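The structure appears below as structure tokens.
Indexing begins at 1, ligand by ligand and atom by atom, following the structure's order. In what follows, chains carry the letters A, B, and so on, assigned in the order in which the sequence lines appear, proteins first and then strands, with residues in each chain numbered from 1. Computation of the quantities below employed the complete heavy-atom set of this structure, encompassing side-chain atoms and omitting hydrogens, waters and symmetry-equivalent molecules.
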Amino acid sequence: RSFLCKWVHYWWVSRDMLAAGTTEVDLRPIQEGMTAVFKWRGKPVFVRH
Amino acid sequence: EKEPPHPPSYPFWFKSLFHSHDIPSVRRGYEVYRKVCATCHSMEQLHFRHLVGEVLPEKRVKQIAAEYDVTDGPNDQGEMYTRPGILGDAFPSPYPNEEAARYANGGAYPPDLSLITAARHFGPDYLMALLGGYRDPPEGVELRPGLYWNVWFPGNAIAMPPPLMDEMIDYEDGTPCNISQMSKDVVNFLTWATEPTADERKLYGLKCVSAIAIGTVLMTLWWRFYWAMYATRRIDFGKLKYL
Amino acid sequence: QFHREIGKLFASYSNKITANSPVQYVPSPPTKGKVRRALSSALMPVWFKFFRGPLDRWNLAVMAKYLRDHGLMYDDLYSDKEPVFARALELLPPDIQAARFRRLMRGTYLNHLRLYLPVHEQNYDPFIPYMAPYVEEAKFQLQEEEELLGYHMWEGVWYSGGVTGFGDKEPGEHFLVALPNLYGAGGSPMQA
Amino acid sequence: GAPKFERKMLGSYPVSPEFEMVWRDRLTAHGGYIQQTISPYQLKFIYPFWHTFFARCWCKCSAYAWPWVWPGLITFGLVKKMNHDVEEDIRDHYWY
Amino acid sequence: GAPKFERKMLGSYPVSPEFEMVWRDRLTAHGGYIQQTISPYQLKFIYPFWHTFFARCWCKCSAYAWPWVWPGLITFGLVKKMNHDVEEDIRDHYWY
Amino acid sequence: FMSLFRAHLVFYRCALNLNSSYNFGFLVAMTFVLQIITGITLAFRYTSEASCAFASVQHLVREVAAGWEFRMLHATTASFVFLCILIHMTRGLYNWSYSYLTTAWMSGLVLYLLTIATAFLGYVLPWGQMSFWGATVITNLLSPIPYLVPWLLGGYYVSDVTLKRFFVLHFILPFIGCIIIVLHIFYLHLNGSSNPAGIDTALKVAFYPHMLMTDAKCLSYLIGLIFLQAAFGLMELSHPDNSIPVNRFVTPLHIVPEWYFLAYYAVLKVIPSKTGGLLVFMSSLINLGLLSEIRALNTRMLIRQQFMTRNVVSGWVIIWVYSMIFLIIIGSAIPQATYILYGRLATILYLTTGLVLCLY
Amino acid sequence: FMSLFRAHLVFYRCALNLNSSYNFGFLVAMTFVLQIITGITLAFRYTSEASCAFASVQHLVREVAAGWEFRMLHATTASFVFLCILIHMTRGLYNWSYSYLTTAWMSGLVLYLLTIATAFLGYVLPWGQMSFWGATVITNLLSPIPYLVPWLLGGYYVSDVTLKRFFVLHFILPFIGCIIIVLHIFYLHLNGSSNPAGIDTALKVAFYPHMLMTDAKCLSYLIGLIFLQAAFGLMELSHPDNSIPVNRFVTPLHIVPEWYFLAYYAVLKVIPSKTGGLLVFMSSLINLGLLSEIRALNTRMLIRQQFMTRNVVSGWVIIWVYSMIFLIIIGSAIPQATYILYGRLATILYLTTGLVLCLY
Ligand SMILES: CCCCCCCCCCCCCCCCCC(=O)OC[C@H](COP(=O)([O-])OCC(O)COP(=O)([O-])OC[C@@H](COC(=O)CCCCCCCCCCCCCCCCC)OC(=O)CCCCCCCCCCCCCCCCC)OC(=O)CCCCCCCCCCCCCCCCC
Ligand SMILES: CCCCCCCCCCCCCCCCCC(=O)OC[C@H](COP(=O)([O-])OCC(O)COP(=O)([O-])OC[C@@H](COC(=O)CCCCCCCCCCCCCCCCC)OC(=O)CCCCCCCCCCCCCCCCC)OC(=O)CCCCCCCCCCCCCCCCC
Ligand SMILES: CCCCCCCCCCCCCCCCCC(=O)OC[C@H](COP(=O)([O-])OCC(O)COP(=O)([O-])OC[C@@H](COC(=O)CCCCCCCCCCCCCCCCC)OC(=O)CCCCCCCCCCCCCCCCC)OC(=O)CCCCCCCCCCCCCCCCC
Ligand code: HEC
Ligand code: HEM
Ligand code: HEM
Ligand code: HEM
Ligand code: HEM
Ligand SMILES: COc1cc2[nH]c(C)c(-c3ccc(Oc4ccc(OC(F)(F)F)cc4)cc3)c(=O)c2cc1Cl
Ligand SMILES: COc1cc2[nH]c(C)c(-c3ccc(Oc4ccc(OC(F)(F)F)cc4)cc3)c(=O)c2cc1Cl
Ligand SMILES: O=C1C(O)=C([C@H]2CC[C@H](c3ccc(Cl)cc3)CC2)C(=O)c2ccccc21
Ligand SMILES: O=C1C(O)=C([C@H]2CC[C@H](c3ccc(Cl)cc3)CC2)C(=O)c2ccccc21
């Protein structure tokens with residue numbers, strides 16, 4: 001059982017990834033009717049005025 | 001060429017089969033490395049992530065990483081920029097490429113220390129001996145400028161200057177500083193950095209080997225159980241002898 | 001005509017060999033040339049006293065003790081994976097055959113235990129030649145078959161009957177004729 | 001395997017596939033024999049091993065002395081003499 | 001394969017391995033029969049094909065008409081009507 | 001396939017006096033299966049690029065759960081593969097197994113060649129100094145034929161192309177191994193195993209209860225020892241110098257192959273002509289092959305008892321073993337005249353004692 | 001193994017009236033062997049890194065002798081694999097082969113599943129836009145279970161780790177294929193093939209002279225056609241959009257899978273609930289599996305003649321084929337209400353005509 005558990009665990013995500021983080025966005029340059037796009041935790045985020 | 005000598009065995013806490021690393025020594029060795037040896041060497045495989053929980057508390061490690069400027073980008077204009085280091089970044093390096101490193105060190109290349117004790121014979125004993133090894137030339141030998149005599153380096157002539165000097169650094173736990181102490185602590189730190197998974201490996205080893213040995217005893221008994229029935233058999237020819 | 005010409009070569013050589021045939025027994029020519037016979041004869045007094053003598057005595061001591069520990073004879077060391085000896089064993093009489101069977105059993109058991117026999121069980125000569133009269137007959141019988149049947153490289157049908165076709169007479173003894181069946185229960189050659 | 005005159009059976013019942021190897025190696029019991037065995041649940045099985053230990057060990061060690069150890073000793077000798085030769089060379093060639 | 005009452009042989013010679021499949025599928029010739037064949041070196045072999053072409057082609061094409069073509073025609077119809085519906089939609093929804 | 005399983009591994013009947021020395025085949029097979037498992041799970045995260053192979057192997061150890069364990073099991077089980085094979089070979093030299101197990105002995109030799117090739121291909125994949133310069137040396141050694149070496153390399157020098165094809169070849173060869181193992185066992189069970197006593201006997205006993213348990217016992221010991229060495233590192237089986245990144249214009253100052261290659265290395269140190277070097281390997285392997293038909297090289301009827309117990313004369317196989325060990329010793333040391341001299345002595349012994357096996 | 005060769009491929013006796021429609025199995029096997037050769041020789045130069053896979057495939061075409069030929073043969077032979085498989089399946093739906101070739105039919109289904117998996121894994125390795133977003137979609141489709149998707153990916157999103165393990169899996173699966181093929185043929189020759197007439201007949205004839213030549217003829221045609229399409233590019237089998245490097249934050253504006261996946265795609269377009277989507281595939285495959293024991297679903301004694309010749313009623317298999325082709329058509333087009341409407345009509349036909357096969 002220990003062997004199989006280690007072998008399964010070895011396919012799991014690595015210890016460098018961690019998916020942690022936070023970000024901030026300045027909204028002065030945006031114009032009405034426009035959609036801006038940003039990067040966040042590996043996925044895209046839309047901000048629309 | 002010649003066979004180089006072999007170093008003496010020092011009693012580092014870890015080189016027993018039941019012992020772990022010695023974490024205060026590791027902290028002090030890291031401090032030495034930062035203040036001295038990181039002037040010309042690099043550890044490209046290490047990230048600050050590695051220090052939290054294993055050596056240092058997270059808060060302090062973040063504050064350490066914040067001391068460096070680390071390059072990042074491109075930005076909206078396609079330019080690169082510098083930012084304060086974060087926990088996710090690798091250790092910084094003093095030279096941009098091997099050519100610059102050789103240019104600053106008279107032609108010789110300072111090796112990357114990420115695996116140094118696994119990349120030499122007798123590992124930490126060799127490193128401990130090497131850091132002690134600087135001495136005056138013998139009769140009949142002279143070395144060209146920017147080259148030094150060391151009794152443990154192969155061929156005895158080495159490009160690295162004498163490495164250590166008393167109270168060139170200071171400790172936060174209070175321990176007194178001298179070249180011998182610094183040698184011990186930095187060798188401890190580099191031995192840890194060579195494979196941080198050491199203690200995990202050894203503690204798992206112990207359970208594994210113990211259980212497997214108990215296994216072996218049980219299987220030996222089971223094998224003899226069947227050995228005995230044919231080892232003690234009787235076969236007679238012609239007529240029956242005993243019963 | 002190439003083939004008949006080389007025929008002529010072969011035939012003349014064979015006729016030479018035939019013409020020199022004796023009509024009665026004549027002693028064989030020595031196995032070593034006169035130079036080596038001279039050298040050996042010269043060096044005998046040192047070589048036999050110091051080296052060959054003790055070698056040939058130590059050898060028999062080693063052999064005898066190993067055979068006596070286990071209670072084997074010398075002619076119990078030959079296998080029946082050897083055709084000549086297989087024939088010889090076929091020609092044996094009941095008593096000799098039974099005793100050989102028994103000795104082999106005991107030797108197997110003793111080598112399993114790794115226990116010496118008592119010295120009073122070891123009082124016999126192990127080097128009696130009890131298989132000789134039968135080995136000579138086997139040699140005769142198996143030589144005549146070569147002479148009368150094996151004198152040419154005979155031609156056959158390939159990979160048919162379970163035999164490769166290049167000479168075998170027992171089925172599936174070679175890899176390319178392994179696995180004779182895919183369904184059913186198989187069978188054995190001895191029950192045909 | 002076995003010679004054809006040994007692997008000839010007395011019975012005529014078809015040999016089942018799972019017994020192939022068993023009857024390829026058939027041998028006759030010339031003269032017959034009698035055997036007795038005890039179930040391993042009714043035998044001691046670690047005392048018989050130690051009871052016969054000294055005899056077995058004497059036999060095994062006696063058998064291996066000359067063939068394995070004496071050439072071993074000679075080889076160990078040769079290594080020591082090689083070390084001598086080298087440690088003398090290294091001074092002759094390079095020490096003033 | 002074959003029923004057991006068909007694959008029962010009259011001979012008793014051992015079936016060789018390379019003929020396995022041949023005798024697993026044995027069948028009886030109920031009533032017997034007579035057959036004749038000519039060596040292919042003594043036959044015409046491309047004229048017999050064209051000589052019987054029209055009959056063979058009539059048979060094959062006749063057999064496939066209803067089952068394959070009529071549903072095919074219906075499907076082709078459906079595709080054309082779908083195209084109609086789409087080309088009308090695209091104007092209704094987006095042209096003023 | 002169950003009926004075959006029962007015929008060969010349950011009802012198969014052995015001789016009563018088969019001791020541990022007959023258990024090492026099973027053991028090498030098991031190290032094969034185990035090495036295959038760890039192989040495949042290492043392939044899932046390895047990178048076959050000269051620019052980054054090294055760091056790819058380091059990533060497993062540093063950043064992957066249980067990453068270190070599979071690499072180290074794979075590294076250490078190789079040594080046991082070779083150790084078990086050598087014990088397994090020497091047993092049959094000692095017994096003269098090849099007298100009647102002719103084709104089994106041939107198959108054995110082919111399997112050993114396969115194993116050498118597999119190991120050496122593996123040895124290049126971590127892509128350190130020793131890997132690069134080892135590949136350089138062995139590719140230069142098979143130079144006699146034009147253009148074959150740039151072709152097999154893929155290039156004028158050892159390259160990323162070379163790494164890619166070495167990786168694929170190292171993937172494939174073990175399974176060809178497995179096929180040849182099936183062939184091996186066919187020839188073996190065609191005949192039947194020999195005794196340590198070298199007699200023919202009717203005192204046979206079935207496999208499943210008695211011998212299966214001995215196999216299992218030895219298996220326990222081997223699993224034990226592999227884990228001991230893997231987890232704690234008792235012996236310095238592999239030199240440190242593969243820990244350094246490659247440099248194409250600077251050799252390492254001291255050189256020591258993996259132990260199972262040292263004897264060969266010793267030869268390349270001591271014979272002057274390079275072709276003589278290569279021919280020694282070819283000749284010794286041909287001599288071993290020649291033992292398959294030793295019954296024909298003489299008209300005296302042959303026996304398997306070599307009467308080596310209590311014998312002051314010892315036997316040619318023992319002298320062979322000690323010569324080989326001496327060659328390993330000399331392999332390990334620096335190039336110096338005296339080492340070369342005793343090297344040549346040992347080499348002559350190693351060659352002669354192999355030639356002489358045919359002279360009964 | 002020669003005796004088996006002769007028993008099964010030389011002396012094996014068939015029915016006289018086996019026409020070309022019974023030659024397509026041999027053909028799919030041959031495309032397998034051929035695809036394996038080209039696979040292995042492509043592996044020698046491919047790079048399994050997300051940073052550089054794409055350029056690795058371009059290097060073969062641009063800078064390697066005959067580099068282009070192996071890539072294009074490998075790409076084009078896949079289409080023929082699937083085309084031959086579909087003809088091979090439809091033949092046995094038409095004949096009701098599964099009436100008595102029960103386990104052969106089951107084995108067939110397993111082989112088809114293996115082939116789908118193999119192809120889709122291959123489709124990701126060139127690492128273009130379509131590859132990345134296809135992998136994203138199919139991995140999201142099997143999401144219902146927690147943590148299974150990050151585990152199988154290796155990561156929170158499609159990554160270099162994903163590429164590495166896809167490459168190894170694509171390496172391995174074909175050979176498992178081969179093993180299952182041997183199993184397939186075992187079940188087949190256990191029974192014996194059916195006629196186009198669906199009667200039992202004694203007018204049998206051996207394989208080697210008559211049927212072997214027809215196999216060879218069709219083989220010539222297939223090799224021909226593969227080379228024609230491979231060298232000249234007559235049909236746009238693969239969409240251009242895999243020619244663009246990957247971008248993780250922008251999808252391609254128009255999407256068309258490989259043709260052998262379009263019908264499935266059509267379903268994912270038209271059924272509202274995602275789970276309903278997945279369940280349609282599961283249900284249809286279960287229905288096909290259920291045909292293996294059709295003799296039990298009724299007490300009337302069964303015949304293999306479906307009397308589809310000259311029949312105005314046609315047959316459920318033909319309606320199935322036309323429904324599937326219609327679904328391919330709709331697969332190919334943009335998402336629009338009318339396409340979805342006729343999609344749903346065709347989907348209902350496709351499901352119902354599969355259910356109804358059991359109702360004799
Ligand atoms: C998978 C296989 C495919 C299925 C089909 C089978 C294929 C085999 C066909 C080839 C055989 C053709 C020759 C026919 C000979 C007929 C003679 C006869 O009447 O038969 C009785 C006769 C035996 O009766 P006997 O004399 O009573 O027996 C006593 C003993 O023979 C002891 O007698 P002795 O001690 O008195 O000495 C006698 C010896 C005295 O002579 C010597 O000993 C001379 C020694 C001098 C040293 C030089 C080497 C000699 C060998 C030559 C090899 C060259 C061939 C390869 C060429 C490569 C070209 C690319 O005589 C000979 O050597 C004469 C025969 C030598 C012929 C050997 C080569 C024949 C091959 C020709 C075709 C080559 C094309 C191959 C293409 C590439 C692929 C392989 O048959 C033989 O001796 C057999 C000879 C042929 C070898 C066996 C065939 C191999 C079968 C196993 C297949 C292995 C394939 C492995 C690949 C696996 C892939 C996965
Ligand atoms: C004990 C042996 C172990 C063998 C291991 C081999 C290595 C394996 C490596 C791979 C791993 C495999 C794992 C499985 C191994 C096998 C296991 C097994 O079942 O063994 C059965 C073995 C023998 O069974 P058997 O039924 O007698 O076997 C039949 C015989 O072989 C008899 O067979 P035969 O009579 O039929 O003969 C056939 C022939 C067939 O021929 C062969 O098989 C020959 C093979 C030779 C090897 C050839 C290849 C070599 C290749 C080169 C390798 C180089 C490696 C370099 C390594 C360097 C390392 C530094 O064999 C022979 O002739 C063999 C006899 C050789 C005699 C040699 C005599 C040498 C004397 C040396 C004296 C030294 C004195 C030093 C004094 C120093 C003073 C300062 O029995 C045992 O091992 C009994 C169990 C003992 C367990 C004891 C555990 C104690 C633990 C204590 C813990 C303490 C803790 C304290 C804590 C305290 C806390 C306060
Ligand atoms: C001809 C057929 C070819 C078939 C090819 C198939 C595709 C293969 C693809 C993969 C590659 C494989 C390669 C090998 C192929 C086979 C080769 C072969 O041996 O064929 C035998 C084939 C038929 O042999 P057989 O013994 O009669 O076969 C038995 C029958 O099947 C009868 O069997 P049964 O009676 O036992 O029935 C069992 C049943 C068993 O069921 C099945 O097998 C059903 C299978 C159905 C397929 C299901 C899967 C579909 C999956 C979806 C695929 C989608 C693909 C999308 C592609 C889009 C492309 C745009 O089969 C049937 O029911 C089949 C009957 C189907 C009837 C359908 C009727 C449709 C009528 C259409 C009319 C169209 C009119 C258009 C008018 C337009 C006006 C504008 O004969 C030939 O091909 C004879 C050779 C002809 C050579 C001619 C060459 C001429 C070259 C001219 C060059 C000119 C150059 C000019 C230069 C000028 C310079 C100045
Ligand atoms: C710049 C002044 C350096 C400092 C500070 C440290 N090292 Fe270094 N090191 C430097 C050079 C130019 C060289 C090359 C030496 C040569 O002969 O080419 C080195 C080498 C080493 C080595 C290699 C030893 C060997 O046998 O190859 C080691 C192990 C080493 N240095 C360790 C080391 C340590 C522990 C340091 C902190 C105490 C340290 N070095 C500082 C340049 C410089
Ligand atoms: C008898 C079977 C095998 C043997 C003897 C063998 C031998 C070796 C050896 C000696 C190494 C060197 C490891 C090191 O130096 O750290 C190695 C590495 C490797 N082997 Fe094998 N191997 C075998 C089977 C396999 C198989 C079947 C695979 C994959 C299917 C495989 C994949 C690898 C990989 C990926 C490495 C690289 C290890 C690394 O980079 O750290 N091996 N092998
Ligand atoms: C992967 C490599 C090998 C495997 C898996 C293997 C496996 C086996 C096995 C399971 C046996 C029967 C049980 C045993 O003897 O332990 C055996 C016997 C034998 N093997 Fe191997 N073996 C290998 C390599 C070799 C080699 C390299 C040789 C010879 C050079 C060889 C020659 C023999 C012989 C002669 C026997 C039978 C000896 C006798 O019956 O007296 N094998 N092998
Ligand atoms: C039935 C067997 C196989 C099928 C159906 C198959 C299918 C495919 C497909 C559809 C592709 C996509 C190629 C492209 O989009 O250009 C591909 C690529 C590939 N296949 Fe397979 N494959 C098979 C066997 C193999 C085998 C056995 C190997 C290696 C041992 C292999 C290695 C590769 C490689 C390396 C690629 C990458 C091609 C490239 O990057 O251009 N394939 N395969
Ligand atoms: C790699 C995939 C496949 C291979 C290599 C293969 C191979 C073969 C071969 C060689 C035959 C005998 C000759 C012939 O019919 O052409 C056969 C027959 C057959 N196969 Fe397949 N096949 C494959 C896939 C399938 C699939 C997907 C199915 C069903 C879904 C299937 C079901 C059958 C049936 C029912 C027969 C016998 C039909 C009859 O005797 O009337 N096979 N196959
Ligand atoms: C102590 O004395 C003995 C020990 C012995 N141990 C074993 C393990 C066997 C044996 C090995 C393999 C086998 O069948 C197989 C072939 C090949 C395979 O393939 C592969 F690769 F190994 F998995 C598997 C399976 C059948 C039997 C013996 O005969 C054997 C004989 C003696 Cl005298
Ligand atoms: C037109 O009518 C027919 C055509 C037919 N064509 C063929 C090719 C066969 C056939 C296939 C494979 C086989 O044995 C093998 C199994 C598996 C292997 O493995 C692998 F992977 F294919 F190489 C190889 C070989 C034995 C026979 C038939 O039975 C067959 C039957 C009919 Cl009625
Ligand atoms: O100089 C050598 C050298 O000579 C070999 C040799 C060892 C023996 C090998 C070998 C010889 C014969 C066979 Cl059958 C198999 C392998 C070939 C490479 C090395 O392995 C090596 C590795 C790294 C740096 C230098 C060297
Ligand atoms: O939206 C899709 C999509 O829906 C699929 C689908 C096609 C059908 C596939 C499939 C479905 C069922 C089976 Cl049994 C096998 C494959 C799964 C991926 C794609 O292949 C694709 C590729 C590139 C970009 C977008 C897409």
### Top protein contact for atom 8 (C) of ligand 8, by heavy-atom distance
G:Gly25 CA, 3.8 Å

## Note on the structure
For F:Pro196, the atoms of ligand 2 under 4.0 Å from one of its heavy atoms are 36 (O)

### Message
Parallel, tilted or perpendicular, judged at 30° and 60°: which one describes the rings of C:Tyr66 and C:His70?
### Response
tilted

#### Entry: For G:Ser194, atoms of ligand 8 separated by under 4.0 Å from a heavy atom
39 (C), 40 (O), 41 (O)

### Query
Among G:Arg91, G:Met30, G:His189, whose heavy atom sits nearest atom 34 (C) of ligand 8?
G:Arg91

### Message
Test your reading of the structure: does F:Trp259 have an N or O sitting under 3.5 Å from an N or O of ligand 2?
### Response
no

### Query
Looking at ligand 8, does G:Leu101 have a heavy atom less than 4.0 Å from it?
yes

### Task
Do me a favour and list the nearest non-hydrogen protein atom to atom 67 (C) of ligand 2 with residue, atom name and distance?
D:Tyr64 CD1, 3.8 Å

### Task
Would you mind telling me if ligand 2 is within reach of the side chain of F:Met89, the backbone, both or neither, using heavy atoms under 4.0 Å?
neither

### Message
List ligand 2 atoms under 4.0 Å from C:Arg114, heavy atoms only on the residue side.
### Response
35 (O), 36 (O)

### Message
Going by the closest heavy atom to atom 58 (C) of ligand 2, which one wins out of F:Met308, F:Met235, F:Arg91, F:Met324?
### Response
F:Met235

### Query
Are any of the N/O atoms in G:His184 less than 3.5 Å from those in ligand 8?
yes

### Shortest protein contact, atom 35 (C) of ligand 8 (heavy atom only)
G:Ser97 CB, 3.7 Å

### Task
Answer yes or no for D:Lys60: is there a heavy-atom contact with ligand 2 below 4.0 Å?
yes

